Amino acid sequence: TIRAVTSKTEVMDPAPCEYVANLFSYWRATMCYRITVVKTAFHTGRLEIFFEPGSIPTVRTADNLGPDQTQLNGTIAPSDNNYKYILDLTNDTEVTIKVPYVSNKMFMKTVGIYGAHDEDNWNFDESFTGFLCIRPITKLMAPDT
Amino acid sequence: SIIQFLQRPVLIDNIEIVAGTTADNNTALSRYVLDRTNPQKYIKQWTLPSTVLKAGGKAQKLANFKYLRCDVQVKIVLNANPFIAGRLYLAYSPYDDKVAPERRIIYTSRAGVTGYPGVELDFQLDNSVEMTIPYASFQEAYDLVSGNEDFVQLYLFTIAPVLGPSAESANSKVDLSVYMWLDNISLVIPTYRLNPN
Amino acid sequence: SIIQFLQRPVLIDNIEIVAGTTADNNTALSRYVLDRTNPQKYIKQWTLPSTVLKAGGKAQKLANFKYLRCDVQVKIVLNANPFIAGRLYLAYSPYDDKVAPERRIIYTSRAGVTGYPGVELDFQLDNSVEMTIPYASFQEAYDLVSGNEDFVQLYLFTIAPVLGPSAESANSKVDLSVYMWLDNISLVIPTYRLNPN
Amino acid sequence: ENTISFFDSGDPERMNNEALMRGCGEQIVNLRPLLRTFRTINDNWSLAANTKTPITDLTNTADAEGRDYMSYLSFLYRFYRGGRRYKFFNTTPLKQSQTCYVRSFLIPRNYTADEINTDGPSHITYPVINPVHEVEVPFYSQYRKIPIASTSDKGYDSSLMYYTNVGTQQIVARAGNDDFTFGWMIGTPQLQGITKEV
Amino acid sequence: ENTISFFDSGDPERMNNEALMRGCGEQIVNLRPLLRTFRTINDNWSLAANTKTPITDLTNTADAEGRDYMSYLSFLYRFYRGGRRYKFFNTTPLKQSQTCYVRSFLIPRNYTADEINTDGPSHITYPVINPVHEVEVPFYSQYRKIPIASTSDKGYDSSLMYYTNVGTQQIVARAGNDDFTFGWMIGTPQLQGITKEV
Amino acid sequence: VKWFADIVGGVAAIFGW
């Protein structure tokens, strides 16, 4: 994000897995994402988690960077021809996805979003093998109770 | 590596049905069927196998091929709230769209219908199910450049309409999800003529 | 069954070159190249591997895939009449379209050019030939949704212009045919983004 | 606790242990060795003459920016059990005939160089002959370990008391002693990067 | 495919392996060792003061003339898998009292020295004491290999970021690292030699 | 293979000595 007085300095919110790579140049590693839903035994719904390799349909803001939601509908980039996991929410909630590392280039830079904005989004597109994208299979099923 | 894209599921339709309604998503298998003006109201007729191929981007694979023999699979996922209770029946009748009506799954009773091969489905116990609809054709193998002689109709039908609170204030609805893939696969003959559809 | 459509040839271009002409189909590898205004005149630059995929209907196969590592094959068939005699040289230089000209197969002598990896080709003895252009990329594997970083240019070049009767009355022409397929194949990653080209 | 895996990738410690001999001459598996590598913090640190100046008076606006590793990694942890090799290079315009004899001493951390008898171990190097100073201040505290930066350090460790005789500008670097590690593990700070006036 | 031979000469690898002990103290059979021998490219490269100047900004009008081997041989090939030891000698009139501390860093190739945080590994040598600078920039790219000279190199390899504090003139030389070779083999370029105005 | 011989023996260097 951007902290202002204008000045508009940037600020981050990193994790160790991210706190290290900012200390180096290139990287190679498998990742592990713990997905935990907070709910009762009533909130039910099939949730789909799918991977897409490479760049993203994003919005190149003048100072910051973020995604694009239009290019992800169930028609544009569906999840049939994409690695998939359909988590049920009846009683099995905790998940820990393990993503190995695959990409045309051996390693990857570690600037990520640093100095990223409208124009200089390049290393960002090269500093991420791809992206996961959650998309509900079903509307959250839970009574007004 | 050559076929297994076929043996990789695909989402057809995400459905929703709500309490209180009186539409095609209800009227579970009228005990009698006197007239073809008031037949058994279905949910989503899938004229397999075509509807499978034309989705999931599998057609681009089936291009430059002519003949096919495949038994299709199914996986129904269902996520409703405990406060709902209902039952449905899925069923498949071959050539149901190319045969006199006196025999069709439509224009036919509830007893006969549920006698058609398929399976029941509850919203609390059998949350998710599957099925194997075999190679129902009557010829050497199915063609692809034609894509007109779909040799099956996958009829969905309900048993008990949705049931929820007396207030039934818009939260007493459910949601479905269908997935399909193929097994016992056989790609045999090449060609240049491609089904553009 | 999953790839072998790739390992199944495809015709790119059917070429013809006639006697007496003084065009791109002639001027065999000017001994010197002083200026970039008069470089070595080629025949058909193929910016492999793309031109391969976008033909032979193989793209529909490569859909829903991301990364690729493949060494391409070639098969040149040639059918001319005994009354003709000439020699050509086929050659491939990687990244020849993405590198300073001082090193390109173009803007370079005949000696260096024919020193580029490839093969000669006579119209009487080596009627038909082949070649294996390996995986010339410098990265983990080639991408497909991009289809812009073609990592090679397949340059054709002549040695001796066509030679025939003194009358050279329109029958002293030859004809070519190129075929291509891929080996050492690897399809790895799926996706939904498809190269529309 | 269902945990799945994608891509059916081969032994990861088969590609990388192979895909460093193609890409990386060095094969890093620890992290402590960073603290054995001197990378600089300051580049001028213009000093003053005949004024023994401690180092804490410098390395207090040093463990607040992460311009090195011995600070950037500090946040990750809280403690330390080793000595901080401080190497000092010169850049002063010593085109003169005077004799610089930059001298180092030993002082307890957070002492102000005025309440000290400046004796004991020392070192003297001449920049005109050797533009470095590469002391290896050990860990002579009396405690198992030490918080990285608190306000109660009235002699719980040792420090430098860098002395000089001339007005000088120095380059600096600091990594850590052969037995310099950190204690517990904790979370992470927040980072700021590039700023764009407007 | 008839191939004949003249002169019925004895074992050629009997005369030469003998006719180098008469004529040549050295017995060369490889070609890669050339890339381990530093022979110069520039002889002045007059630099500027307190301006970290990259090296790519120099070695771009260096791999276009063949004044060394690491370029003359480049054309023969297209790829490379190693580091380029760059040795820098001084010739500046440093009859002065200032202290030169020429400093080197590490920068990714084809970066312009303005978009960089200049930290990490480094080196500092003093010409007044040692008129050389002999870094050994390794190969820290992320790819099996690299085209010799393309326009898509937005960080696919490492480079120098040579820094200084004075206006200087340098001699230069570059051979290659102990693991610096080339990739494919290709043909040859065209050469120009002596020119005669008229 | 050198550094790949030490990383496999877990010698006392990699861990910071």
# chains A, B, ... in the order shown; residues from 1 in each chain; ligands from 1

$ closest_atom_pairs --of "chain E" --to "chain A" --cutoff "10 Å" --atoms "only C-alpha atoms" --output "JSON lines"
{"residue": "E:108", "atom": "CA", "partner": "A:25", "partner_atom": "CA", "distance": 9.4}
{"residue": "E:115", "atom": "CA", "partner": "A:115", "partner_atom": "CA", "distance": 9.2}
{"residue": "E:120", "atom": "CA", "partner": "A:24", "partner_atom": "CA", "distance": 9.0}
{"residue": "E:140", "atom": "CA", "partner": "A:26", "partner_atom": "CA", "distance": 8.4}
{"residue": "E:141", "atom": "CA", "partner": "A:107", "partner_atom": "CA", "distance": 8.1}
{"residue": "E:142", "atom": "CA", "partner": "A:107", "partner_atom": "CA", "distance": 4.8}
{"residue": "E:143", "atom": "CA", "partner": "A:106", "partner_atom": "CA", "distance": 5.6}
{"residue": "E:144", "atom": "CA", "partner": "A:106", "partner_atom": "CA", "distance": 7.7}
{"residue": "E:154", "atom": "CA", "partner": "A:123", "partner_atom": "CA", "distance": 8.4}
{"residue": "E:155", "atom": "CA", "partner": "A:109", "partner_atom": "CA", "distance": 8.5}
{"residue": "E:156", "atom": "CA", "partner": "A:109", "partner_atom": "CA", "distance": 9.5}

$ write_last_selection --atoms "N, CA, C and O atoms" --output "mmCIF file, in the first residue's frame"
data_model
loop_
_atom_site.group_PDB
_atom_site.id
_atom_site.type_symbol
_atom_site.label_atom_id
_atom_site.label_comp_id
_atom_site.auth_asym_id
_atom_site.auth_seq_id
_atom_site.Cartn_x
_atom_site.Cartn_y
_atom_site.Cartn_z
ATOM 1 N N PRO E 108 22.563 -7.052 -12.130
ATOM 2 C CA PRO E 108 22.109 -7.886 -13.243
ATOM 3 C C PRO E 108 22.381 -7.219 -14.577
ATOM 4 O O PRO E 108 22.275 -5.999 -14.719
ATOM 5 N N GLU E 115 18.302 2.124 -11.064
ATOM 6 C CA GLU E 115 17.177 1.417 -10.472
ATOM 7 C C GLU E 115 17.629 0.328 -9.507
ATOM 8 O O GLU E 115 16.971 -0.713 -9.394
ATOM 9 N N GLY E 120 25.041 -5.886 -1.002
ATOM 10 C CA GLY E 120 25.434 -7.241 -1.283
ATOM 11 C C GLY E 120 26.930 -7.373 -1.450
ATOM 12 O O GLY E 120 27.702 -6.518 -1.005
ATOM 13 N N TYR E 140 25.203 -16.292 -12.006
ATOM 14 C CA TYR E 140 24.046 -16.409 -11.131
ATOM 15 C C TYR E 140 22.731 -16.226 -11.873
ATOM 16 O O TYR E 140 21.721 -15.880 -11.250
ATOM 17 N N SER E 141 22.712 -16.459 -13.179
ATOM 18 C CA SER E 141 21.456 -16.480 -13.897
ATOM 19 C C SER E 141 20.618 -17.671 -13.450
ATOM 20 O O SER E 141 21.024 -18.481 -12.614
ATOM 21 N N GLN E 142 19.431 -17.773 -14.035
ATOM 22 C CA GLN E 142 18.472 -18.810 -13.696
ATOM 23 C C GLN E 142 18.198 -19.755 -14.856
ATOM 24 O O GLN E 142 17.276 -20.573 -14.773
ATOM 25 N N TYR E 143 18.980 -19.670 -15.926
ATOM 26 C CA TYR E 143 18.766 -20.465 -17.123
ATOM 27 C C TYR E 143 19.975 -21.338 -17.426
ATOM 28 O O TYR E 143 21.114 -20.985 -17.112
ATOM 29 N N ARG E 144 19.702 -22.489 -18.045
ATOM 30 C CA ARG E 144 20.767 -23.409 -18.430
ATOM 31 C C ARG E 144 21.900 -22.671 -19.128
ATOM 32 O O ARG E 144 23.080 -22.929 -18.870
ATOM 33 N N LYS E 154 16.506 -8.757 -19.478
ATOM 34 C CA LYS E 154 16.098 -7.889 -18.373
ATOM 35 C C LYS E 154 16.333 -8.584 -17.030
ATOM 36 O O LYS E 154 15.436 -8.747 -16.203
ATOM 37 N N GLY E 155 17.579 -8.976 -16.815
ATOM 38 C CA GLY E 155 17.999 -9.588 -15.581
ATOM 39 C C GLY E 155 18.290 -11.073 -15.640
ATOM 40 O O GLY E 155 18.257 -11.730 -14.593
ATOM 41 N N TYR E 156 18.580 -11.620 -16.816
ATOM 42 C CA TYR E 156 18.861 -13.039 -16.973
ATOM 43 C C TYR E 156 20.294 -13.406 -16.620
ATOM 44 O O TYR E 156 20.750 -14.480 -17.021
#

$ select_by_dssp --residues "region 4-185 of chain D" --states "strand (DSSP E)" --output "ChimeraX atom specification"
/D:39-40,86-90,103-104,107-108,123-124,134-135,158-159,170-174

$ write_last_selection --atoms "N, CA, C and O atoms" --output "short mmCIF file (atom, residue, chain, number, x, y, z; two decimals), in the first residue's frame"
data_model
loop_
_atom_site.label_atom_id
_atom_site.label_comp_id
_atom_site.auth_asym_id
_atom_site.auth_seq_id
_atom_site.Cartn_x
_atom_site.Cartn_y
_atom_site.Cartn_z
N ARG D 39 29.00 -7.26 4.65
CA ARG D 39 28.43 -6.34 3.68
C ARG D 39 28.11 -5.05 4.43
O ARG D 39 27.63 -5.08 5.56
N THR D 40 28.38 -3.92 3.78
CA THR D 40 28.53 -2.66 4.48
C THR D 40 27.20 -2.11 4.98
O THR D 40 26.12 -2.47 4.50
N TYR D 86 33.98 -6.09 13.09
CA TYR D 86 33.77 -4.80 12.45
C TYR D 86 35.00 -4.46 11.63
O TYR D 86 36.08 -4.26 12.19
N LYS D 87 34.83 -4.39 10.31
CA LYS D 87 35.90 -4.02 9.40
C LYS D 87 35.69 -2.59 8.93
O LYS D 87 34.59 -2.23 8.50
N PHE D 88 36.75 -1.79 9.01
CA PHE D 88 36.69 -0.36 8.72
C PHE D 88 37.72 -0.02 7.65
O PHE D 88 38.92 -0.15 7.88
N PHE D 89 37.24 0.45 6.51
CA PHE D 89 38.08 0.90 5.41
C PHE D 89 38.15 2.41 5.42
O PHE D 89 37.27 3.07 5.97
N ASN D 90 39.17 2.97 4.78
CA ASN D 90 39.33 4.41 4.73
C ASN D 90 39.07 4.95 3.33
O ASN D 90 39.33 4.29 2.32
N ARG D 103 43.05 3.66 15.92
CA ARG D 103 43.25 2.75 17.03
C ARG D 103 41.90 2.31 17.56
O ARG D 103 40.95 3.11 17.62
N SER D 104 41.81 1.04 17.94
CA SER D 104 40.59 0.47 18.49
C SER D 104 40.86 -0.06 19.89
O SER D 104 42.00 -0.36 20.26
N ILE D 107 35.16 -1.55 24.85
CA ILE D 107 34.28 -0.83 25.77
C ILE D 107 32.99 -1.63 25.94
O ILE D 107 32.51 -2.23 24.97
N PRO D 108 32.40 -1.66 27.13
CA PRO D 108 31.10 -2.31 27.27
C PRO D 108 30.02 -1.56 26.53
O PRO D 108 30.01 -0.33 26.47
N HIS D 123 44.32 -2.31 19.27
CA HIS D 123 44.81 -2.58 17.93
C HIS D 123 45.12 -1.24 17.28
O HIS D 123 44.45 -0.25 17.56
N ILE D 124 46.13 -1.22 16.42
CA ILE D 124 46.49 -0.02 15.69
C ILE D 124 46.89 -0.40 14.28
O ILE D 124 47.77 -1.24 14.08
N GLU D 134 40.15 -4.46 11.13
CA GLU D 134 39.37 -5.69 11.01
C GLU D 134 39.28 -6.42 12.34
O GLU D 134 39.51 -7.62 12.44
N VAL D 135 38.93 -5.68 13.39
CA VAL D 135 38.84 -6.27 14.71
C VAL D 135 37.73 -7.32 14.76
O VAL D 135 36.85 -7.39 13.90
N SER D 158 30.25 -6.34 25.36
CA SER D 158 31.43 -5.57 25.00
C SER D 158 31.23 -4.84 23.67
O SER D 158 30.39 -5.21 22.85
N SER D 159 32.03 -3.80 23.47
CA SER D 159 31.97 -2.98 22.27
C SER D 159 33.37 -2.43 21.99
O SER D 159 34.36 -2.91 22.55
N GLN D 170 35.17 6.98 6.66
CA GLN D 170 35.37 5.54 6.66
C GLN D 170 34.22 4.82 5.99
O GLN D 170 33.07 5.27 6.03
N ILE D 171 34.54 3.69 5.38
CA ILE D 171 33.58 2.67 4.99
C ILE D 171 33.56 1.65 6.10
O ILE D 171 34.56 1.47 6.81
N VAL D 172 32.44 0.95 6.25
CA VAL D 172 32.25 0.05 7.37
C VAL D 172 31.55 -1.22 6.90
O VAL D 172 30.82 -1.23 5.91
N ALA D 173 31.80 -2.30 7.63
CA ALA D 173 31.12 -3.55 7.36
C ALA D 173 31.15 -4.40 8.63
O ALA D 173 32.07 -4.30 9.43
N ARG D 174 30.12 -5.22 8.79
CA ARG D 174 29.95 -6.01 10.00
C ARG D 174 29.15 -7.25 9.66
O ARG D 174 28.09 -7.16 9.03
#

$ atom_distance --atom1 "CA of residue 1 (chain A)" --atom2 "CA of residue 15 (chain A)"
15.6 Å

$ residues_around --residues "region 65-69 of chain A" --least-positions-apart "5" --cutoff "8 Å" --atoms "only C-alpha atoms" --output "ChimeraX atom specification"
/A:56-60,113,116-118,121

$ write_last_selection --atoms "N, CA and C atoms" --output "PDB file, in the first residue's frame"
ATOM      1  N   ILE A  56      -1.025 -12.903 -15.223  1.00  0.00           N
ATOM      2  CA  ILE A  56      -2.403 -12.792 -14.758  1.00  0.00           C
ATOM      3  C   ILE A  56      -3.109 -11.665 -15.503  1.00  0.00           C
ATOM      4  N   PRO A  57      -4.426 -11.742 -15.706  1.00  0.00           N
ATOM      5  CA  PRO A  57      -5.167 -10.535 -16.090  1.00  0.00           C
ATOM      6  C   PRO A  57      -5.290  -9.610 -14.894  1.00  0.00           C
ATOM      7  N   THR A  58      -4.519  -8.528 -14.892  1.00  0.00           N
ATOM      8  CA  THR A  58      -4.404  -7.657 -13.735  1.00  0.00           C
ATOM      9  C   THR A  58      -4.678  -6.221 -14.148  1.00  0.00           C
ATOM     10  N   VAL A  59      -4.647  -5.334 -13.161  1.00  0.00           N
ATOM     11  CA  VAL A  59      -4.908  -3.918 -13.360  1.00  0.00           C
ATOM     12  C   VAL A  59      -3.648  -3.163 -12.974  1.00  0.00           C
ATOM     13  N   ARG A  60      -3.034  -2.512 -13.954  1.00  0.00           N
ATOM     14  CA  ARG A  60      -1.752  -1.838 -13.775  1.00  0.00           C
ATOM     15  C   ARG A  60      -2.041  -0.422 -13.301  1.00  0.00           C
ATOM     16  N   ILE A 113       6.321  -7.232  -6.183  1.00  0.00           N
ATOM     17  CA  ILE A 113       5.574  -5.997  -6.345  1.00  0.00           C
ATOM     18  C   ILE A 113       6.418  -4.771  -6.037  1.00  0.00           C
ATOM     19  N   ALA A 116       6.691  -1.688  -8.257  1.00  0.00           N
ATOM     20  CA  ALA A 116       5.704  -2.059  -9.255  1.00  0.00           C
ATOM     21  C   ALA A 116       4.631  -0.989  -9.361  1.00  0.00           C
ATOM     22  N   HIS A 117       4.247  -0.679 -10.588  1.00  0.00           N
ATOM     23  CA  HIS A 117       3.183   0.279 -10.858  1.00  0.00           C
ATOM     24  C   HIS A 117       2.799   0.128 -12.324  1.00  0.00           C
ATOM     25  N   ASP A 118       1.991   1.067 -12.816  1.00  0.00           N
ATOM     26  CA  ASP A 118       1.415   0.968 -14.152  1.00  0.00           C
ATOM     27  C   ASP A 118       2.409   0.451 -15.181  1.00  0.00           C
ATOM     28  N   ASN A 121       5.706  -3.108 -14.311  1.00  0.00           N
ATOM     29  CA  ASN A 121       5.160  -4.344 -13.772  1.00  0.00           C
ATOM     30  C   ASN A 121       5.897  -5.570 -14.272  1.00  0.00           C
TER      31      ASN A 121
END

$ closest_atom_pairs --of "region 117-169 of chain B" --to "region 84-103 of chain A" --cutoff "12 Å" --atoms "only C-alpha atoms" --output "JSON lines"
{"residue": "B:123", "atom": "CA", "partner": "A:90", "partner_atom": "CA", "distance": 12.0}
{"residue": "B:124", "atom": "CA", "partner": "A:90", "partner_atom": "CA", "distance": 10.2}
{"residue": "B:125", "atom": "CA", "partner": "A:90", "partner_atom": "CA", "distance": 11.5}
{"residue": "B:127", "atom": "CA", "partner": "A:90", "partner_atom": "CA", "distance": 9.7}
{"residue": "B:128", "atom": "CA", "partner": "A:88", "partner_atom": "CA", "distance": 10.2}

$ atom_distance --atom1 "CA of residue 51 (chain B)" --atom2 "CA of residue 137 (chain B)"
15.8 Å
